[PDB]
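Since the structure comes first, as structure tokens, the remarks are kept for the end.
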Amino acid sequence: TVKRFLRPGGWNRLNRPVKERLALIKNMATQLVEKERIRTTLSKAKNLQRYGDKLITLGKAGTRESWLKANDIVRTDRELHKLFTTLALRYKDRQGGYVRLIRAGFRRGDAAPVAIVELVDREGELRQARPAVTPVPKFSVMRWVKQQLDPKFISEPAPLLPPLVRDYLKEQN
Amino acid sequence: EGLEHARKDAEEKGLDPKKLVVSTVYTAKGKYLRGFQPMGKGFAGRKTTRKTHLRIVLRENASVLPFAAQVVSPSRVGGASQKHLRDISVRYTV
Amino acid sequence: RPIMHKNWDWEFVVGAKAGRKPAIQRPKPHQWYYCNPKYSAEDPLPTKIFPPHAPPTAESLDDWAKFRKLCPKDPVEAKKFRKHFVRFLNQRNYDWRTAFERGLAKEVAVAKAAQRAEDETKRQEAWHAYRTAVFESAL
Amino acid sequence: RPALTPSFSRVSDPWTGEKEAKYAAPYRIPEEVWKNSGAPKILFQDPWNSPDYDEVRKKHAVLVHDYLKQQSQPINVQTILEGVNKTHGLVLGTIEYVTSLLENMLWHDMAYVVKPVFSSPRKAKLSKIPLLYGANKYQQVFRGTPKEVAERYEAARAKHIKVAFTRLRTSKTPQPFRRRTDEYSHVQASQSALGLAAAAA
Amino acid sequence: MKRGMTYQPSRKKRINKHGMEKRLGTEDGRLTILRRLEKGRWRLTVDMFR
RNA sequence: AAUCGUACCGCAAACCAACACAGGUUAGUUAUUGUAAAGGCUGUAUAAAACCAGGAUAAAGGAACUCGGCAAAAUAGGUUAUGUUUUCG
Ligand SMILES: [K+]
Ligand SMILES: [Mg+2]
Ligand SMILES: [Mg+2]
Ligand SMILES: [Mg+2]
Ligand SMILES: [Mg+2]
């Protein structure tokens, strides 16, 4: 997991002042969206993983307030458009964990540790991620437990337009 | 690089690579590149680049230490990783 | 003979392309003519020296004719007067370049802004079509 | 081409203080139906800005400025909003957006504000009476209403005469001098030819 | 104040103070030239070139 | 109308200081109301010791500190009826 520090927010210092620290992280976050896979040092990767997850959350919101916050983070219009349209629909049902991190040894010159950061559901993914919604066996204790604790458990992906919206449109037309 | 070069030498002589032991290793002084670096108040110091020779000898059935290292597989990435097929329904039972 | 040279390699002038004498990195006013990649020995030599940044309205300038009329009669004052006139002429060459560089920057910014607007329009139009398909598919 | 908010009660304004999106679904649906259903919100509304974000803002300011020039007395922001919409149609949605436009005009001396008089600073801070705004027919170099501008000019005129003669008395030039810098190059000559072609067309 | 900057090069000064024309203008300068010819120095004055 | 200078560095890693030296180095020009056009430049990998340096904030007291208000802090600016001292400014 990502370590928590004593500074406001618990973020890394990345050996930089706060002003340069924020400029660097915003640029890298923009490149992660564009390319979906980046190789860098362990500290910048750990900070980028936690920052990247919270940037996807804004895209899933799809609100005017969320877009204003993201417009101050992303550096390119094309990358910002992709975040709200393509990635928003991709992770509708996935609850967290949109980015993964795998260590890749040490560099050559300064022998610094490195890692790879990637998105967790796409073509070209390093591994195959678990389904966003976990299937539940019909005759398992798990099914009974979820009924008693969370009657609104989601077992299969839902359509883009739910039945209530479809029914309203049919009645209207 | 020296270890690989020495083993290739042993095979040409007709020795079994599976029984080789590192029996002798030592270093030797080379030719140095001399230089100077200025200091404060007009003083001067030395600035030397060093060089060394390396010698490795491999022999068969020589006295060897018992040290052995455990080996593990690296991270599984690609179609060979099947962590996504885990069934998590069992842990809800008693 | 013409008064000003009109055939310049503008890739060389802006700096994207190398010149005919790569050893020279910042040509002088009288060195521009022979550093031009399009130099030809058949073209007549201009009667005056101008940089590529000069406007076409400079062909009617006659600076030494006016200087003679303003010439002081005291040699001591005349020498200083001539020195200030030469300083004025040399500076005029680098006023043109500064205007040349500022003028082009504004045109570039306008064009770049226009392209940015068009790209966003296409992206938004494409998304709207996709949104319409989703509703139509769901009936 | 103004667009309505999901409540279908007003138009969204192009500024950072707008917290409501634009409804863009092909069919009209109440907010309560689709907001709590769980479907992605981007299928119903556009939270982003238009490609002409900057140009639209400049156009709105001109409409506000022209309307004030037609007025004969200072008026409130609410009156400005109603007057502009009645003249041109439903193009502005809130008074906060108009206030932001007015602040830009005040900074550059394209408009002025009439403020009340209060006995103590605390009363002024706690007052809630709306403000009144006017417009200058041409841009000025002093702040305040025409009466205040005339007073400021009188003080400025006196200072200039005081400075000019003090310089003369101390053996300085009464009026500062500079050199004329040539700002007309080959790029400018081509811009003029382009401008004539556009005007002719 | 920082010291060590006693040399401020000047081409006109160097020729006038130590030039060949200066060394040949006085009896003592001519003797200096002979001393340098006797020792066999390849360059006689700072002013010399081919 | 002949003859000599024209490349490159020039507040600098190329000149004076033994150095790619926090020092020294002349003149001419340019954008900018509360700002600032052109042009130019760019840092091995981390962090939640003591200690040291350069900043920030601080309850109640306010020179009790110390050879000494050293250092730090502090409404600092403008106009005044009246009074004092002057070599009358
Ligand atoms: K979040
Ligand atoms: Mg020294
Ligand atoms: Mg040159
Ligand atoms: Mg205190
Ligand atoms: Mg005391």
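Being out of contact with any strand residue (DSSP E or B) (no Cβ under 8 Å at 6 or more places or on another chain), basic (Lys, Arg) and under 20 Å from A:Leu83 (Cα atoms) is the requirement here; does A:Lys26 meet it?
On the way: out of contact with any strand residue (DSSP E or B) (no Cβ under 8 Å at 6 or more places or on another chain): yes; basic (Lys, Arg): yes; under 20 Å from A:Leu83 (Cα atoms): yes.
Answer is yes for this residue.
From A:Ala104, A:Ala29, A:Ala61, A:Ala23, which residue is within 11 Å of another protein chain (Cβ to nearest Cβ), without any contact (Cβ under 8 Å) to a residue 60 or more places away in the chain, small (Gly, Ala, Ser) and more than 16 Å from ligand 3 (Cβ to nearest atom)?
A:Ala61
C:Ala105 - would you say it is touching a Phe, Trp or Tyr at 6+ places or on another chain (Cβ under 9 Å) and either assigned to a helix (DSSP H, G or I) or over 18 Å from D:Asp182 (Cβ atoms) (or both)?
No, not satisfied.
Does A:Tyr98 satisfy the condition of being within 11 Å of another protein chain (Cβ to nearest Cβ), farther than 26 Å from D:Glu18 by Cα and within 16 Å of ligand 1 (Cβ to nearest atom)?
So A:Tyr98 does not fit the description; no.
Facing another protein chain (nearest Cβ under 10 Å), in contact with a helix residue (DSSP H, G or I) (Cβ under 8 Å, 6 or more places away or on another chain) and outside any helix (DSSP H, G or I) - does that describe any residue in the range C:120-139?
Yes, because at least one residue in the range C:120-139 is facing another protein chain (nearest Cβ under 10 Å), in contact with a helix residue (DSSP H, G or I) (Cβ under 8 Å, 6 or more places away or on another chain) and outside any helix (DSSP H, G or I).
Given the criterion away from chain D (no Cβ under 14 Å) and closer than 23 Å to A:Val2 by Cβ, identify the matching residue among A:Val117, A:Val141.
On inspection, the qualifying residue turns out to be A:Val117.
Residue check, B:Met39 against (1) closer than 30 Å to A:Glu125 by Cα; (2) within 16 Å of ligand 2 (Cβ to nearest atom); (3) of a type outside the set (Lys, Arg), all met but one. Which one?
Only one criterion is unmet by B:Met39, namely (1).
State yes or no: is B:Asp9 away from ligand 3 (no atom under 16 Å from the Cβ), away from chain A (no Cβ under 14 Å) and surrounded by 10 or more Cβ atoms within 10 Å (Cβ to Cβ)?
So B:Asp9 passes the test.
C:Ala126 versus (1) within 30 Å of A:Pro162 (Cα to Cα); (2) among the aliphatic types (A, V, I, L, M); (3) within 16 Å of RNA strand F (Cβ to nearest atom): which is the lone unmet condition?
Unmet for C:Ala126, out of (1) within 30 Å of A:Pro162 (Cα to Cα); (2) among the aliphatic types (A, V, I, L, M); (3) within 16 Å of RNA strand F (Cβ to nearest atom): (3).
Kindly establish whether A:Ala45 is within 14 Å of another protein chain (Cβ to nearest Cβ) and either aliphatic (A, V, I, L, M) or surrounded by 14 or more Cβ atoms within 10 Å (Cβ to Cβ) (or both).
When the stated conditions are applied, A:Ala45 does not pass them.
As an exercise: evaluate C:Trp32 against (1) within 14 Å of chain D (Cβ to nearest Cβ); (2) within 16 Å of ligand 3 (Cβ to nearest atom); (3) more than 21 Å from C:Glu101 (Cα to Cα); (4) of a type in the set (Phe, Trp, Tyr) and give the number of the one condition it does not meet.
Single failed check for C:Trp32: (3).
Which of the residues spanning the range A:1-50 are of a type in the set (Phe, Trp, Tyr) and under 25 Å from A:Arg107 (Cα atoms)? Write out each step before concluding.
Restricting attention to the range A:1-50, the residues satisfying the condition of being of a type in the set (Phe, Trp, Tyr) are A:5, A:11.
Across the range A:1-50, the qualifying residue is only A:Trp11.
Conditions: (1) surrounded by fewer than 14 Cβ atoms within 10 Å (Cβ to Cβ); (2) within 13 Å of ligand 1 (Cβ to nearest atom). A:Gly109 meets all but one. Number of the miss?
Among (1) surrounded by fewer than 14 Cβ atoms within 10 Å (Cβ to Cβ); (2) within 13 Å of ligand 1 (Cβ to nearest atom), A:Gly109 violates only (2).
Quick check on the range C:1-13. Is at least one of its residues more than 16 Å from ligand 2 (Cβ to nearest atom), more than 14 Å from the chain's Cα centre (by Cα) and within 14 Å of chain D (Cβ to nearest Cβ)?
yes
Quick one: which residue in C:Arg68, C:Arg97, C:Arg87 is at the interface with chain D (Cβ under 10 Å from one of its Cβ atoms) and not β-branched (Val, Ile, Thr)?
Only one candidate qualifies: C:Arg97.
Do any strands (runs of 3 or more DSSP E) lying entirely in the range B:30-94 carry at least 2 residues that are closer than 30 Å to A:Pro137 by Cα, within 14 Å of chain A (Cβ to nearest Cβ) and without any contact (Cβ under 8 Å) to a residue 60 or more places away in the chain, and which ones are they?
none
What number of residues within the range D:14-35 satisfy the criterion of being buried (at least 18 other Cβ atoms within 10 Å of the Cβ) and in contact with a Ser or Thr (Cβ under 8 Å, 6 or more places away or on another chain)?
Of the residues in the range D:14-35, 5 are buried (at least 18 other Cβ atoms within 10 Å of the Cβ) and in contact with a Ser or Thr (Cβ under 8 Å, 6 or more places away or on another chain).
Check every one of the helices (runs of 4 or more DSSP H) wholly within the range C:1-84 and list those with 3 or more residues that are away from ligand 1 (no atom under 16 Å from the Cβ) and aromatic (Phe, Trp, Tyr).
Details: elements: C:10-14, C:32-35, C:63-69.
Correct list: C:32-35.
Kindly provide the set of residues from the range A:21-37 that are closer than 25 Å to D:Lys41 by Cβ and assigned to a helix (DSSP H, G or I), ordered by number.
A:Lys26, A:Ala29, A:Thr30, A:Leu32, A:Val33, A:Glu34
Condition test on C:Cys71, is it away from ligand 2 (no atom under 16 Å from the Cβ), of a type outside the set (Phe, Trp, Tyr) and in contact with a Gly (Cβ under 8 Å, 6 or more places away or on another chain)?
So C:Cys71 does not fit the description; no.
So, of the residues in the range D:36-54 that are more than 7 Å from every other protein chain (Cβ to nearest Cβ) and assigned to a loop (DSSP other than H, G, I, E, B), which turns out to be farthest from the chain's Cα centre (by Cα)?
Among residues in the range D:36-54 that are more than 7 Å from every other protein chain (Cβ to nearest Cβ) and assigned to a loop (DSSP other than H, G, I, E, B), the one farthest from the chain's Cα centre (by Cα) is D:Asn36.
In this structure, does C:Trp96 turn out to be more than 16 Å from ligand 3 (Cβ to nearest atom), over 18 Å from the mean Cα position of the chain (by Cα) and part of a helix (DSSP H, G or I)?
No.
Restricting the range C:1-46 to residues that are loosely packed, with under 14 Cβ neighbours inside 10 Å, among the basic types (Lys, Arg) and free of Cβ contacts under 8 Å to residues at least 40 places away in the same chain, which is nearest to D:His186 (Cα to Cα)?
Selected residue: C:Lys6.
So basically every Cβ, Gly included, is an ideal-geometry build from the backbone, and we count neighbours across all protein chains shown. Computed from the coordinates by the stated procedures, all read-outs in this text should not be read as laboratory data.
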